[PDB]
């Protein structure tokens, strides 16, 4: 009864709070690209995550390029199945317009406005929904001030015409790491959060200090994607640094979604090759990364 208990989420003094104004922290899993690993995104696996792992949020990563939504828009229906499962299971769900190789969110901004108009018209009167309008803006030529903020100032109005106040997570520069610039030039919408993403393979002490700077400017931050691996999503599992970040996020009340729920042979993947796509995994069917993440959320 997560969503029944906490209900409508909002931002109050830079913190995520429930409908009675108490701080809440979401912890869950992100899918990998829905064009590649969509079989792991269904009501049964989401229910297993909710009951066995204790997740209270699920992120549907809908890549736009890389064979995603622009090339084949049928993947939007998998997003709709994830949202409906989340509503049926009473947990939160992030709709992620997963840009990456299409590094500037303006590339497919017309398509994004149509997509977000449709999703917000369909689900805008449910409190489960959290919109993530541009996963990871990246490149030297993509800045908060010139590219990202103006993109958000075109997409947010579309959402807000149908859904006045569900949370909107906006990506930041340099693969959603540059929360410092966003926090110094914040968006006007009161229920916006800035995305901050990390990989435990990277030494993170300055990155934690930068999140603290942003929080100190009153910006709300959602860690909408993080992994236990290096920044490529592979290259080993780094659990000592992962735990430091876990503890940091609990001290700051940061919500998070781990990357990712798939059986791909890469360190960040949560499942081993024989894991059933509908849930029920044994210990042997979780990777080193998946076992750690599951323990962190169960401990919560």
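Each form is matched to the other, and the largest set of C-alpha atoms that superpose within 1.5 Å is called the rigid core. Positions refer to the first chain, counted from 1.
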| item | value |
| --- | --- |
| Stretch departing more from the displayed form, 90-98 or 225-233, Cα RMS in 8 other deposited structures of this protein (core fit) | 225-233 |
| Core-fitted comparison in 8 other deposited structures of this protein, 234-242 vs 40-48, farther C-alphas | 234-242 |
| Stretch with the greater mean C-alpha B-factor as recorded in the entry, comparing 269-277 against 54-62 | 269-277 |
| Of 63-71 and 40-48, the stretch whose C-alpha atoms average the higher B-factor in the entry | 63-71 |
| Criterion, highest CA B-factor; candidates, 127, 164, 150, 157 | 164 |
| Residue with maximal Cα B-factor (values as given in the PDB entry) among 204, 105, 171, 139 | 139 |
| Chain-wide C-alpha B factor ranking for residue 211, given as lowest, middle or highest third | lowest |
| CA B-factor ranking of residue 239, expressed as a third of its chain | highest |
| Residue 260 - Cα temperature factor, lowest/middle/highest third of chain | lowest |
| Entry-reported Cα temperature factor of residue 144, expressed as the chain third it lands in | highest |
| Ranked C-alpha temperature factor of residue 98 among modelled chain residues, by third | lowest |
